[PDB]
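# Summary of the model geometry
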Amino acid sequence: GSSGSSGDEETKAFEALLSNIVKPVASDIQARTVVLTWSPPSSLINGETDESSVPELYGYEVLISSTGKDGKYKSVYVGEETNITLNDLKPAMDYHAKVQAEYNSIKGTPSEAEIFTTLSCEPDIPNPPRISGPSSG
């Protein structure tokens, strides 16, 4: 049932909205597994449209370049959820990551890169980078 153009106006808003998210943050980083948490894109519709309308299934894809941000990116996971755990990674390594949004067959631009270092197969890291409030000096 291919007719042709289907309300392009919508496609545009998606090209910008889907590309209006924030770089994924790395937490509870482990040997090869890690906790990647990212927030949804910000709608610039200006409220012109209802609030309980915008979709929340923005297919987010996690990209990583064990080599570097100036090389090739590989897919590790792909879903709608916001928080996901990575796997099949390399311990004692340092690479960048990014999350791209895609909805209605519309692939937008990924967010900034998030460099995160993983621990070694064995229990080395003493404690996580977690910060417990500010500290004088």
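As stated in the entry header, the method of structure determination is solution NMR.

Identification of the protein chain as KIAA0970 protein from Homo sapiens is taken from the PDB entry. Here the PDB entry's recorded title is "Solution structure of Fibronectin type III domain derived from human KIAA0970 protein".

### Quick look at unusual backbone geometry
One non-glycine residue, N46, adopts positive backbone phi at about 70°. Note that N46 resides in the loop between β2 (34–37) and β3 (59–64). Taking relative accessible area as the criterion, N46 reaches 72% and is therefore assigned exposed. With a phi close to 65°, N104 is a non-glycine residue in the positive phi region. Mapping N104 onto the fold places it in the loop between β7 (97–103) and β8 (106–107).

### A word on the pairing of β2
The two faces of β2 differ: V34 and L36 on one face are buried, but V35 and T37 on the other face are not. From the end of strand β1 (residues 25–27) to the start of β2, which pair antiparallel, there are 6 residues, and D28 there has a positive phi angle of about 35°.

### Overview of the sheet that holds β7
Taken in spatial order, the 4 strands of this open sheet run β4-β3-β7-β8, and their pairing is antiparallel. Each edge of the open sheet carries a strand with a single partner, namely β4 (74–79) and β8. Note that β3 and β4 share 5 bridges and pair antiparallel. Counted as the bridge partner of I64 is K74 from β4.

### Structural notes on the side chain of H96
On the secondary structure map, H96 appears in the loop between β6 (94–95) and β7. Not counting chain neighbours up to four residues away, the residues in contact with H96 comprise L63, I64, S65, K69, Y73, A113, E114 and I115.

### Observations regarding the side chain of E114
Along the chain, the position of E114 falls in the loop between β8 and β9 (116–117). Although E114 is buried, it forms no salt bridge, and the closest oppositely charged side chain is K23 at an N-O distance of 6.0 Å. A polar contact of 3.3 Å, which involves the side chain of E114, links it to the backbone nitrogen of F116. Those residues within four positions of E114 in sequence are excluded, and the remaining contacts are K23, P24, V25, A26, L36, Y95, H96 and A97.

### Side note on the sheet that holds strand β5 (residues 83–86)
Overall, antiparallel pairing links the 3 strands, which are arranged β1-β2-β5 in an open sheet. Two strands bound the open sheet, and with one partner strand each, they are β1 and β5. Across the sheet, the mean angle from the axis of one strand to that of its neighbour is 30°, orientation sign disregarded. Relative to β5, β2 is paired through 4 bridges, and the arrangement is antiparallel. Note on β5: the bridge partner recorded for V35 is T85.

### Re the packing of aromatic side chains
Throughout the structure, instances matching the rule amount to 5 aromatic pairs. When the centroid spacing of 5.5 Å and the interplanar angle of 15° are considered together, the rings of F14 and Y103 count as stacked. Residue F14 is found in helix α1 (residues 8–17), and its partner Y103 is found in strand β7; the two are separated by 89 residues along the sequence. With relative accessibility at 12%, the residue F14 sits in the buried group. Assessed through its relative accessible area of 26%, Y103 is described here as partly exposed. Ring centres of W38 and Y60 lie 5.6 Å apart, and the angle between their planes is 65°; this geometry places the pair in the edge-to-face category. Residue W38 is located in the loop between β2 and β3, and its partner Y60 is located in strand β3; the two are separated by 22 residues in the primary sequence.

Conventions we followed
Residues numbered from 1 in each chain as written, not as in the entry; some residues may be left out. Heavy atoms only, no water. Helix = DSSP H or I, 4+ residues; strand = E, 2+ residues; numbered from the N terminus. Buried < 20%, exposed > 50% of the residue type's maximum accessible area, 1.4 Å probe, protein only. Pairing = 2+ DSSP bridges. Contact = heavy atoms within 4.5 Å. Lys, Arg positive; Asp, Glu negative; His and termini not counted. Salt bridge = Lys/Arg side-chain N within 4 Å of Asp/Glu carboxyl O. Polar contact = N/O pair within 3.5 Å; in protein donor to acceptor, adjacent residues only side chain to side chain. Axes fitted to C-alpha atoms, helices over the stretch in contact; angles between N-to-C directions. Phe/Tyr/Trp six-rings, centres within 6.5 Å; stacked < 30°, edge-to-face > 60°.

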